[PDB]
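*Asks:* I have a structure here, written as structure tokens, and I will follow up with some questions on it.
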Amino acid sequence: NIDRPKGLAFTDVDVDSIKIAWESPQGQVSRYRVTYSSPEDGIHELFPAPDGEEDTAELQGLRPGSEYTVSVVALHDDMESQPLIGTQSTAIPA
């Protein structure tokens, strides 16, 4: 069974490139539904089926430089573990 994650972290965030890393749900997930929404462009669905060694994501190819509302959700055959939110500020072009 899954175990639900807790809090995610961020490595390198940029108006056009952000690296995030969430905590594994101590249950080895088979798929991860990472969605990110924004008050302008809209939202998108990411399907980077992880394996166990890659507990992070690479949002490379954005544009805006504001707070992006991302939601990391672990998966397992067909479950909906607590949706982990990740509100980060896309480092504008300073």
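*Asks:* Filter segment 43-65 down to the residues that are under 13 Å from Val15 (Cα atoms) and surrounded by fewer than 12 Cβ atoms within 10 Å (Cβ to Cβ), then identify the one that is nearest to the chain's Cα centre (by Cα).
*Replies:* Restricting to residues being under 13 Å from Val15 (Cα atoms) and surrounded by fewer than 12 Cβ atoms within 10 Å (Cβ to Cβ), the top hit is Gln60.
*Asks:* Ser81 fails exactly one of the following numbered conditions: (1) crowded, with 18+ Cβ neighbours inside 10 Å; (2) at positive phi. What is the number of that condition?
*Replies:* Failed condition: (2).
*Asks:* Which number in (1) more than 15 Å from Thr90 (Cβ to Cβ); (2) more than 14 Å from the chain's Cα centre (by Cα) marks the one condition that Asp14 misses?
*Replies:* Failed condition: (1).
*Asks:* Pick out the one residue from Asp41, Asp77 that is without any contact (Cβ under 8 Å) to a residue 40 or more places away in the chain and of a type outside the set (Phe, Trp, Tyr).
*Replies:* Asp41
*Asks:* For residues that are of a type in the set (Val, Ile, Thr) and in contact (Cβ under 8 Å) with a residue 40 or more places away in the chain, scanning just segment 1-38, find the one that is surrounded by the fewest Cβ atoms within 10 Å (Cβ to Cβ).
*Replies:* Among those that are of a type in the set (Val, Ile, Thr) and in contact (Cβ under 8 Å) with a residue 40 or more places away in the chain, it is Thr11.
Methodologically, a virtual Cβ is constructed for each residue, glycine included, from the backbone with ideal geometry; neighbour enumeration extends over all protein chains shown. Bear in mind these aren't lab numbers, they're just calculated from the coordinates by the rules spelled out.
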